[PDB]
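Next up: the same protein chain in two forms, each one alone, written as structure tokens (structure 1, then structure 2).
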Structure 1
């Protein structure tokens, strides 16, 4: 397995950021990439074994270290906005040999020149209508998170205190509703009887990742240390 730490991170310009990667595959090679909408997956630095650190396509602005067989760290000593991206770790076969590599879950990293820009989301439940179309049903309940920044969020459905996956339609990726604000939607298509069952409890969870204890929160204003927000509702009459 390939683990990445942390999974999300928002930092200020000029600060030092370190992303760690742990593997349990006992693989000699380890890699550090960065994915950007537009460009592809670019190699930053890679390793041949403990004590080895070779440079990839885009090494400028980053350092690395392979202290052991299981660890390969990426280091940003002077964080710049330009380093905002999703970082992927991997281990396994050779360079360019993707069929041999094992990727990690990716790390969302946003470099802001002011943490005061971080804001939690606004989650809400809705209900569409067939009258708005000449089609059929489309979707029953609708969840929408907006007004958050950066885009470090996860949306899930839980009916009756149990997470569901049937009939869930979430946006592939949060869209920017303004210069410093994101949006994200989802829909849950359930049976009219279930929805009309006043005993059923629906819930839409949204995981927003912001500042932590390690983050230098400029005091004064309330520290955006929010977490899981929920939009809950019950069944309505027939």
Structure 2
């Protein structure tokens, strides 16, 4: 297993950020990569073992630390916008080639001049089009989250209390709609017969990862902390 913390982070330029990687595979080699929309997965720093780190391909602006076999940290002394990215960690046995590696869940890191742009999302649910709700035989619900920033959100569908992945059609990635505003959507298809049953319960769960305690927010306005908003609806 490979874990990373935090999994979401909004930082202010020139600040210090520390992404942490924990492994339980007892592998000697650990890595730190970054992924950029359109571009590839690049190696920043890596380690052959405790007490040592090695410069990857794009080491500039990053420091690494291997306090032990289990832990590998990526330190960003002076955070800058160019460092906005999705970071991936990975442990590796043997020679440490891809087939021998195991990656972490990834970490979204966004660096801004100030955190006053950070905003939670607006979530809305939509009933199927009258058209499809006749000569369609299939009812399709639409869940739309928008107006949020940065793009640290998750959208999940729940019917009758249990999660559902069948029929769900979430957008691959949050499409930006304005400089400081993202937008994501997802559909849930069921049989009209099912959608018309007053007993069935539809719920769109959306989670937005926002500022944390460590994050300092200008008093007065409500600190845009993480949100767990949900749009629900019954049959017919």
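Numbering follows the first chain given and starts at 1. Shifts are known only where both forms have a C-alpha. The term rigid core refers to the most C-alpha atoms you can superpose between the two forms while keeping them within 1.5 Å.
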The one residue in 105, 147, 167, 93 whose CA moves 2 Å or more between the two structures on rigid core superposition is 93
Taking the rigid core as the superposition reference, indicate whether the CA of residue 138 shifts 2 angstroms or more between the two structures.
yes
Taking the rigid core as the superposition reference, indicate whether the CA of residue 129 shifts 2 angstroms or more between the two structures.
yes
Please state the CA displacement of residue 38 between the two structures in angstrom, with both forms fitted on the core.
2.5
Report the moving segments between the two structures: consecutive residues, 3 or more per run, each with a CA shift of 2 Å or more after superposition on the core, given in sequence order.
93-96, 127-139
